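Provided hereafter are the protein sequence and its experimental coordinates.
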Amino acid sequence: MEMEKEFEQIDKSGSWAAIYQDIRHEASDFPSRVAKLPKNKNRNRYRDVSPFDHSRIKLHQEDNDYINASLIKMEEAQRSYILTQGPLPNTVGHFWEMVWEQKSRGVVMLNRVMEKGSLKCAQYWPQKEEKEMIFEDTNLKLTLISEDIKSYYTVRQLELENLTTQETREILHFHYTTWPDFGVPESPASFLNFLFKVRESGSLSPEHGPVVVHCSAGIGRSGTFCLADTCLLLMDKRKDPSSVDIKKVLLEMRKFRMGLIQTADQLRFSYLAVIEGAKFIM
Ligand SMILES: Cc1cc(=O)oc2c(CN(C)C)c(O)ccc12
């Protein structure tokens, strides 16, 4: 079926939970043996969210190459994304090592450091220009260059230096700051505006390594971001845009990381975002 009318048909019939459970039943199951080794317990935020072995990002290190991060490679859309958990106190250096090694331009953050009165990820970037951060375990230096605070999101320019080689690179930090503590946003308008700002920066383009996107577990809000982006790109590429099937795209993405889209409300919000976004594109 088309999307907008499939949408109203699920609303009128109140069957979002049944649709979402079907997705959960059909989703791929691949091994994640490296994630579960005992030496990696303090590298995982949640025991039930792990990267598959076949698609995990490897750190360029011989001691321990493990990080909780996955490469989502979308062949028809010609887009790639790295989806990862919010960094932990003992993985902030690994996080920036990955950004460096994978040649990423942009980092997309969809959570606040504290939500619901608890810490959802480490404070992993500097907040003042004159107070830079040094990650001694991976030999990197990170400096805040500029910050632009808007009503729904903040964009930061950061400098990442590899202290071994003295090479430097400019990284863009795109921080969506207004996702509610509970539920999903009422309108997709600010989320779509944010997606378009990431696109306009070059961070999603083939001349750079894959964008790094995270929330707390790296599957819920993060899944909504890449699902909406890929569906809108396919609607631009194909002769028949009504052929784009958001459930099929989501199942393809779940071949590369488990659990993408965590609730039926997130599924409905993803439909809403693609529907409204397709009208603005034209
Ligand atoms: C992919 C890759 C390229 C590279 O330059 O080096 C690697 C190393 C070691 N060097 C010193 C970083 C690894 O241990 C693991 C992977 C790589």
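Okay, I see it. Numbers count the residues shown, from 1 in each chain.

what's around the residue of the chain found nearest the ligand, how many residues?
Nearest residue of the chain to the ligand, counting by CB to the nearest ligand atom: residue 60, 3.6 Å away. No exception for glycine: its C-beta is placed from N, CA and C like everyone else's. Residues near residue 60, counting by other CB atoms under 10 Å, number 10.

list the residues that contact it.
97, 101 (CB atoms under 8 Å, 6 or more residues apart in numbering).

sec struct for it, please.
coil (DSSP: H, G, I helix; E, B strand; the rest coil).

what values do phi and psi take at it?
When quoted as degrees, to the nearest 10, the phi and psi of residue 60 stand at phi -90, psi 80.

ok, and the closest non-adjacent residue to residue 31?
Excluding its sequence neighbours, the residue lying closest to residue 31 (CB to CB, 6 or more residues apart in numbering) is residue 53, at 5.3 Å.

which element, helix or strand, includes residue 268?
helix 264-281 (DSSP states H and E).

so which bits of that helix are buried?
264, 266-278 (16 or more other CB atoms under 10 Å).

do a quick rundown of the strands in the protein.
56-58, 66-74, 79-84, 106-109, 114-115, 118-119, 133-135, 140-149, 153-162, 167-176, 211-214 (DSSP state E).

pairing partners for the fourth one, with directions?
Listed by DSSP bridges, the sheet partners of strand 106-109 and their directions read strand 167-176 (parallel), strand 211-214 (parallel).

hmm, back to that, including distance to the ligand, could the strands of the chain go into TSV?
Formatted as TSV, the strands of the chain follow (distance: least, CB to the nearest ligand atom, whole Å):
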stretch	distance to the ligand
strand 56-58	7
strand 66-74	12
strand 79-84	15
strand 106-109	20
strand 114-115	35
strand 118-119	31
strand 133-135	16
strand 140-149	13
strand 153-162	11
strand 167-176	13
strand 211-214	17
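
which of these is buried the deepest?
Greatest average neighbour count among the strands of the chain goes to strand 211-214 (a mean of 26), per mean count of other CB atoms under 10 Å.

pretty sure residue 156 contacts residue 144?
Yes: counting by CB atoms under 8 Å, residue 144 is a contact partner of residue 156 at 6.5 Å.

which residues are in contact with each of those two?
residue 125.

now do the contacts for the nearest residue to residue 121 once chain neighbours are set aside.
The shortest distance from residue 121 to any non-neighbouring residue, by CB to CB, 6+ apart, is to residue 86 (2.6 Å). The contact partners of residue 86, taken as CB under 8 Å, 6+ apart, are 45, 111, 120-122, 214-218.
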